Every structure is written in C-alpha cells, then in structure tokens.
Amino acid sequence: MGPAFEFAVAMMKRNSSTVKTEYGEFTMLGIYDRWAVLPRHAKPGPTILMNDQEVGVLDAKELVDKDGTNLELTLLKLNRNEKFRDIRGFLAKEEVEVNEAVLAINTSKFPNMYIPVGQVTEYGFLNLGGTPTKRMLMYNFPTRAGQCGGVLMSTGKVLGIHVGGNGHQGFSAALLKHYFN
C-alpha cells in the first residue's frame, strides 16, 4: 500500500483544495484546465469558498447517465488564472475495482488525512439520500460527515469521489475519463 499512499499524497498536494458551499465543507479535486469536481449535493452556487477565497463559478454540470439517472457528481468551471495539472490520464474509462485503496480528505474537520479503506467493489445502483444513483464504488469503512469530495485512489489510479455512506460503508461516485471530454 506504500505506493498507493505515495501517489495519493502527491495528487492531493497538486490538485486538491478545500471548498465551502452553502451545503457544507468538501474536498475538491481539480481535473484539468479550470474544471474540478464536487459531490452533486454540495450544490455549488455562482460563488464558492476555495481555500478561504471567494471564487467565481463560470459553469457547472450535474452529471446524469443516458437515462437521466443521478451520478452524484457536479463538474465546475472555475474563474481563476491557474490551471490544474491534467490528471485525466489517471481516470479509468469504466468503474475500477481494487483490493486496496486510499481515501484522501482535505477539510477543516480532516486536514490532509489518508485512510486505507480496503477493497473497492463496483456496487452499482444505490438509493442515496432517496435518489436512485448509479456507478457507485463501495468500501467497508465507517465514513462520516466532512468526508464528502474525499478522493479515492490506488497506485496511479483516481477511482472516484466520496459522496455518501450508511454508517458502515462508504460510497464514491466513479470518476470516468469521458466526463471530461
């Protein structure tokens, strides 16, 4: 798991931030150019707090599948000059299952924390907070509030973003290459 931690630490350092919306505090992962991702339930407005700074949101897309089923991801285009390091190469084309993953959080409640969550399984459909949701990845860890936007990784792979939990399992939305063109 050493390499999985090592990759995760470098990825959070280069591409992650702490974001506040009206709906809470989240980890945010920048993907390429000025595009980043949040759990859909963060419900970013015209403005967000990004590491304490008011940042303008030029575009936001709540992702759904071809049937309109919720995927629980919102892509957002940031009004800022810096671009993110392009990490689309680390995103799979389809849901990845691994035996050992690391979930990385960066919030006030959990600043620079890394959790080895064990096996990730393609969970599939989940009734999440009452909304039918697809392309969930599941891991047996007691995830809690303050961990949404959590980045789920293994060595050289970004698997998904943490979006919910039932007190005993956690769930990430799979972060697929085609979401980013």
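Numbers for residues come from their place in the sequence shown, where the first is 1. Here, rigid core means the biggest group of C-alpha atoms that superpose within 1.5 Å across both forms.
A.B. asks: Relative to the presented form, and with the rigid core used for superposition, do the C-alpha atoms of 154-162 or of 167-175 deviate more in 8 other deposited structures of this protein?
C.D. replies: Between 154-162 and 167-175, the one lying farther away in 8 other deposited structures of this protein is 167-175.
A.B. asks: Between 81-89 and 97-105, name whichever shows the higher mean Cα B factor according to the PDB entry.
C.D. replies: Higher mean C-alpha B-factor: 81-89.
A.B. asks: Please compare 46-54 with 27-35 and say which has the higher mean C-alpha temperature factor in the record.
C.D. replies: The recorded data point to 46-54.
A.B. asks: Between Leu152, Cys148, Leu128, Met138, let me know which has the highest C-alpha B-factor in the entry?
C.D. replies: That would be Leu128, according to the entry.
A.B. asks: Going by what the PDB entry lists, where does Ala8 fall on CA B-factor within its chain: lowest, middle or highest third?
C.D. replies: Within its chain, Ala8 is a lowest-third residue by C-alpha B-factor, going by the deposited values.
A.B. asks: Please say which third, lowest, middle or highest, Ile115 falls into when its CA temperature factor is compared across its chain.
C.D. replies: For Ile115, the deposited C-alpha B-factor lands in the lowest third.
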